[PDB]
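Engineer: Please read through the structure below; I'll follow up with questions.
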Ligand SMILES: Nc1ncnc2c1ncn2[C@@H]1O[C@H](COP(=O)(O)OP(=O)(O)OP(=O)(O)O)[C@@H](O)[C@H]1O
Ligand SMILES: Nc1ncnc2c1ncn2[C@@H]1O[C@H](COP(=O)(O)OP(=O)(O)OP(=O)(O)O)[C@@H](O)[C@H]1O
Ligand SMILES: Nc1ncnc2c1ncn2[C@@H]1O[C@H](COP(=O)(O)OP(=O)(O)OP(=O)(O)O)[C@@H](O)[C@H]1O
Ligand SMILES: Nc1ncnc2c1ncn2[C@@H]1O[C@H](COP(=O)(O)OP(=O)(O)OP(=O)(O)O)[C@@H](O)[C@H]1O
Ligand SMILES: Nc1ncnc2c1ncn2[C@@H]1O[C@H](COP(=O)(O)OP(=O)(O)OP(=O)(O)O)[C@@H](O)[C@H]1O
Ligand SMILES: [Mg+2]
Ligand SMILES: [Mg+2]
Ligand SMILES: [Mg+2]
Ligand SMILES: [Mg+2]
Ligand SMILES: [Mg+2]
Ligand SMILES: [Mg+2]
Ligand SMILES: [Mg+2]
Ligand SMILES: [Mg+2]
Ligand SMILES: [Mg+2]
Ligand SMILES: [Mg+2]
Ligand SMILES: [Mg+2]
Ligand SMILES: [Mg+2]
Ligand SMILES: [Zn+2]
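Protein chains in written order, with the numbering used here: chain A, 1 to 870; chain B, 1001 to 1350; chain C, 2001 to 2176; chain D, 3001 to 3007; chain E, 4001 to 4004; chain F, 5001 to 5004; chain G, 6001 to 6004.
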């Protein structure tokens, strides 16, 4: 079994709208394609003993024994590897269950689709499923160590990409509130929201956290000084720069019950909490002395250690922290008591459970010795011994919710502290014997203000009720009543996407907003080019969505991007589907028109229920998508009498139709005329029906999304694709009642491009200037026959500058074809496209149209000037 | 503008305004400067990565963690005209600007090697060094910086030319005058030697010799105001850079041959975004007109139409002050506002 | 109001109008000659109304809006005499004859020629501007037992937000 | 869509 | 009127 | 930290 | 710096 190609999808896609995270593996069953289980002796017992958990897979026998009941009845391998990849991820804790298989290409090549949680772990599991499955169809078993090592690699891959718990907490609430989020490439930041409404977070810091407040909170002297100047209670203390001045500091502080901290910070290290004697002052000093050089000799205050969380100048949560400890739970020793309580089902590992394990070490002993105890001593009933100097959940301590027990005056004081320092999200470290009484009555103090505090102790307390800490954070970032998203208008369909996209962006721009858009030519913001080249697909959509200045996004969406990686945006306000056609069938595993319709319908199905889908009522496959759409539906057509439109407006729907020479909007019984087709420059004087259809789609999308008609009129009137602005695409020459249209053609589609004007031209003569260059195979006679059946003024120029085919031989085949079908069309032969055939247009009578397909458009559009065009 | 100000006791901060309308500043950082934008601006790889993802032109380059991989980096970058910077920062130190030969790549490496361990082997871009100041997502000032130099002002030697121009009345000391003095030292010589000159050589008429690798007013260079010569597309791009990084007040370091043409036409690049930029070069340029840089700063801190002060009611007299003060505070309090007051008994808030 | 137009009636007043034009009911008209049967135009008397909304010159639009503001009317009909509504009134020597308070809408919503206009939509937009509510919250309480108690408590809770709360019960109707 | 079907 |  |  |  060989893997030929792998795709990773991230967003709504062909296989599923909801299953955003999928891996599509193109698997070549060189062997096995001819062996449906029962042709592979041992491929049941080996499969079930290696992966016994496969008994939990249903498959289409929609019952518990379905897989493993369809494995006896013969099954081809490309279907099994899909149940192995899903299970290998489940075995390591990543839940995935969706999957599908389809045969493609030549016999034996399958598309295996499965769900993933982590992107690299998913791809790994796929490759591993193939190895496991191949060994079991070669031999009858799979080495245990070759399974255990793979499960270890999956466990590590899924760990390395995990978000920390404070970010998971914010992100989870953001999803509940429908706020989109993205990881950014730098500094582990996460973006919340789109365009101008975006916010950024990094763990517990946000886009609203100021630098001055954060730096002040990290400066212990600065914090103490600024708070005592504000009348806020702080501990009494002084400074010694590693000199033996300890004997003096103690006297200013007020006595021996003192605290000695390291002069610089190193987390919870080098700290002595309750010095009672001179020799202890010395030992404390020696530890403080380990760090770099007024946090020396503070008065010791009695009470419990409380953590207060304040989010936007408002209190959110309070918890009491207690150090790891044991109590005199009968006449047992401390080491016995520890084993008894360290078996509690709520303890173990880390972020796996509420509490972690109590560990006896030299530091537990050092703490116990100061209390008059050691590990082999028996405690008096209900006596408590601490095994740690400080409280921390990660070291085996506990956290008790006390949020509702805090006195109103203390609430006021904590909020004032956060505002004085200047922090939005702040943790405040308070020492007090009773949080339910004012700090002035209990002689409590504020020990420290902490920027970027963690949330674990408040969202997962060991006693008391959990608090939703994230909700107050998202409320400051995205206040009630404000948006987190900008409008997205997504345009798809087989033909006309680029034209519709540029017009729609132009109309929005007339409202004065910053409009970003992507197309097959470039990425633009307000007429500045950001990037050039084919910029369709999710990588470009992300440039616009992450851009802090963009107010509206207009995105052309191609099948390439959908089939290769899904959509970049999840949902949108307007989804426009212009048409479905048999163009690019056979590519990307889409062989039929019915399948192509499912690729295009992805846009219609991601429109938000409050939004609209804009469908083409003149297209049988597109109109039919209306029955899948959860959104409102608007329709457009070139025929006001289309039964779909009539049934729709009679139920007060909205539609855009071409009628009486006007582009108009039908809104129930009322008709709003926008403009005349002949007065809108993109429309070739009113003789190019597809340009009219594209204008209708853009006008309707702007209308249903709330733009006024006057704005729409201004936008359609001033929009351009002028000759020598966008040369090379349909350059029309109006020379009074004389016409010429210059475009490029190679194959029949290019000739058709102007053949459409010819069919609709309201005049007397229909001519043409050549057609193919030397870029075509010997279909010159056929192209000549086509011209004969279209035109009655056909002039030959097939002797170009490139000369890939000698000289005039190209023309000679055209001449045979044109004379064969219609030997009476002014068949002059010039063989000069630089100074003659694109000049000699005076050979064609009044109201004559000449179709021009030069090898070089830029040149032809200049020579045609000899006849004085507009 | 009549905004009251105070020094605060910590970290050299200054408070502007009273009560609920107060703002704080510290030099060129303010109460509106976010930490994430400031830290990102100090991370050269982070800045480069985030900007190139946004479609913003930055120099091409790579990383070597003090291994002799120089010979390979040069080939991905595109040739020998390269720039080698120290892996960590130490102001304007350990930097070689235009490596032309292999032995220079080695010398450059040895200097880069002095600091802690992708700012190695960038392509060298030609043009002048321009500093752009953006304050609230809007452009305020642009200035062109030129390194200390002398020119062929007659058939004189470089040491003679230096004494001639270092006597200019606009030069001396520091923050005392517009320009400082040109100093000849071993580093002026090292820079001159690379140009084919030394202090006792005579320059051809109008030939220019640089005495410094980089431009800095404090080392004797000059600053030319070019604020009105910047092209509208370049204005748009600079404002977009400040918003992508997330800075309110930002300096942007740009290399270009012509600030009056789009950077894409001149093949210019953005070299660096600087948080907390200084203002001297914009408020005291050596050529061109001075700009009022502070005015745009105060306008974001105290937007037009908003107060910077809270009402103050002061009560005095020989008798009855305390009684009058408590009653007046009580009356204001009935409007639901936070009222602070002081008396001979205590200080109260609500 | 059954159809777009009403009937033409010949009466002594049609004759009086025709006599002033040199005609009467038994006279033959020259090809394409027009004779009026009424002194003034009114749909209710058999006349016609032609929509000309898109043919009005920008300067004339400005002037009409200025007239309504000078008089002080929100909804106003303005009676204008002109040979060409597509040219400024100063070029055609047109005049404004009258401003009409409380004008009718029939001629604009049911014209005999041209396209009908949704006249009501601009009226409702001034009365209830986009983005504003037209309703207040309604909390309805039912069930076999406990309605009165639940109703008084719920009204009490809303009242703590400072809003005017009205409620009805089996005891009385109250407001605040 | 809806699970591990190859129906 | 009512309907002028 | 990141998580104070 | 303080003054970049
Ligand atoms: N003057 C004091 N009186 C009583 N207890 C104190 C005093 N100062 C500090 N503590 C306690 O000792 C511990 C020391 O916290 P500290 O201020 O030094 O921050 P830290 O230890 O450096 O970092 P961390 O919070 O992660 O432990 C806290 O649990 C606090 O409750
Ligand atoms: N319905 C249609 N709308 C617009 N152009 C059409 C349509 N049908 C056929 N065409 C022809 O095909 C060409 C399509 O050009 P266009 O760029 O606007 O579509 P496109 O979707 O961007 O193609 P692509 O997938 O390569 O981006 C036009 O030049 C026109 O001559
Ligand atoms: N790729 C490059 N091409 C051309 N010139 C460059 C390039 N990179 C840097 N420079 C120039 O070299 C100098 C180096 O500035 P740098 O980015 O390394 O910040 P710094 O030197 O560490 O600190 P400082 O701004 O105070 O000098 C600048 O004057 C800049 O104009
Ligand atoms: N005009 C006055 N208003 C109020 N108290 C007065 C006045 N004249 C005399 N007294 C007497 O003197 C006392 C002044 O008390 P009060 O505290 O209100 O004034 P005070 O300005 O605060 O004094 P101090 O300067 O010590 O603060 C009152 O108890 C009262 O008995
Ligand atoms: N679920 C209940 N809730 C409240 N009261 C109840 C309930 N079940 C029984 N009762 C009894 O019946 C009485 C119902 O009084 P109450 O006025 O609140 O209901 P009510 O709907 O207003 O009756 P009514 O239809 O006459 O208005 C109470 O006094 C109580 O003693
Ligand atoms: Mg602490
Ligand atoms: Mg700390
Ligand atoms: Mg296509
Ligand atoms: Mg396109
Ligand atoms: Mg710099
Ligand atoms: Mg720098
Ligand atoms: Mg006194
Ligand atoms: Mg007093
Ligand atoms: Mg009237
Ligand atoms: Mg009247
Ligand atoms: Mg009842
Ligand atoms: Mg009742
Ligand atoms: Zn299956």
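Where is the CB? At the ideal position from N, CA and C, for every residue including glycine.
(1) Let me check understanding here. Comparing Cα to Cα, which of B:1131, B:1235, B:1058 lies closest to residue 1224 of chain B?
(2) How would you call residue 278 of chain A, buried or exposed, if buried means at least 16 neighbouring beta carbons within 10 angstroms?
(3) Using the beta-carbon of each residue, which ones in chain F are nearer than 9 Å to residue 172 of chain A?
(4) State the DSSP-derived secondary structure class of residue 1112 of chain B, mapped to helix, strand or coil.
(5) Do the CB positions of residue 636 of chain A and residue 679 of chain A come within less than 8 Å of each other?
(6) Select from A:808, A:624, A:794 the residue whose C-alpha is nearest the C-alpha of residue 800 of chain A.
(7) Counting only C-beta atoms, is residue 453 of chain A closer than 8 Å to chain F at any point?
(8) Hey, quick one: how far does the beta strand (DSSP E) through residue 609 of chain A stretch, first residue to last?
(9) In terms of alpha-carbon separation, which member of B:1046, B:1087, B:1331, B:1324 lies closest to residue 1344 of chain B?
(10) How many angstroms separate the CA atom of residue 1165 of chain B from the CA atom of residue 1211 of chain B?
(11) Assess, as a yes-or-no matter, whether the segment 592-606 of chain A is touched by the segment 9-17 of chain A under the definition of 3 or more beta carbon pairs within less than 8 Å.
(12) What are the boundary residues of the beta strand (DSSP E) that residue 703 of chain A is part of?
(13) Say the cut is 7 Å; is the CB of residue 4003 of chain E nearer than that to a heavy atom of ligand 14?
(14) Quick check: residue 426 of chain A and residue 170 of chain A, are their CB atoms within less than 8 Å of each other?
(15) Any residue with its C-beta under 6 Å from a non-hydrogen atom of ligand 9 counts. Can you list them all in chain order?
(16) Just to confirm, are residue 852 of chain A and residue 758 of chain A a CB contact at a threshold of 8 Å?
(17) Tell me which same chain residues have a C-beta within less than 7 Å of the C-beta of residue 234 of chain A, skipping the five on either side of it?
(18) When you compare each of A:527, A:526, A:561, A:321 to residue 542 of chain A by their alpha carbons, which one comes out closest?
(19) Are the CB atoms of residue 548 of chain A and residue 1243 of chain B nearer to each other than 8 Å?
(20) List the DSSP bridge partners of residue 1149 of chain B.
(21) Hey, out of A:303, A:563, A:327, whose CA is closest to residue 441 of chain A's CA?
(22) How long is the line joining the alpha carbons of residue 2067 of chain C and residue 617 of chain A, rounded to whole angstroms?
(23) Can you name the start and end residues of the beta strand (DSSP E) that residue 2098 of chain C belongs to?
(24) Where do the N-terminal and C-terminal ends of the alpha helix (DSSP H) with residue 1233 of chain B fall, by residue?
(25) Does ligand 16 have even one heavy atom less than 7 Å from the beta-carbon of residue 2151 of chain C?
(26) Just how far apart, CA to CA, sit residue 1094 of chain B and residue 162 of chain A?
(27) With a CB to CB cut of under 8 Å and the five nearest residues on each side skipped, what residues in its chain are close to residue 457 of chain A?
(28) In chain order, what residues of the same chain lie with their CB nearer than 8 Å to the CB of residue 760 of chain A, ignoring the 5 residues before and after it?
(29) Over what stretch of residues does the beta strand (DSSP E) that includes residue 182 of chain A continue unbroken?
(30) Under 8 Å, CB to CB, which of the residues in the segment 1206-1235 of chain B have a partner in chain G?
(31) To which residues of the same chain is residue 613 of chain A closer than 6 Å at the C-beta, ignoring the five residues directly before and after it?
(32) Of the choices B:1086, B:1089, B:1090, B:1104, whose alpha-carbon is the least far from that of residue 1071 of chain B?
(33) Quick check on residue 757 of chain A: does DSSP put it in helix, strand or coil?
(34) Does any residue of chain F have a CB that is nearer than 8 Å to the CB of residue 450 of chain A?
Structural biologist: Short version:
(1) B:1131
(2) exposed
(3) None at all; the shortest Cβ gap to chain F is about 17 Å.
(4) helix
(5) no
(6) A:808
(7) yes
(8) 607-616
(9) B:1324
(10) 13 Å
(11) yes
(12) That residue, residue 703 of chain A, is in no beta strand (DSSP E); its alpha helix (DSSP H) goes 689-704.
(13) no
(14) no
(15) A:497, A:498, A:519, A:520, A:556
(16) no
(17) 224, 227, 228, 445, 446
(18) A:561
(19) yes
(20) B:1210
(21) A:303
(22) 46 Å
(23) 2095-2101
(24) 1232-1245
(25) no
(26) 38 Å
(27) 307, 319, 321, 393, 399
(28) 687, 688, 689
(29) 181-183
(30) none
(31) 575, 604, 607, 629, 631, 633
(32) B:1104
(33) helix
(34) yes
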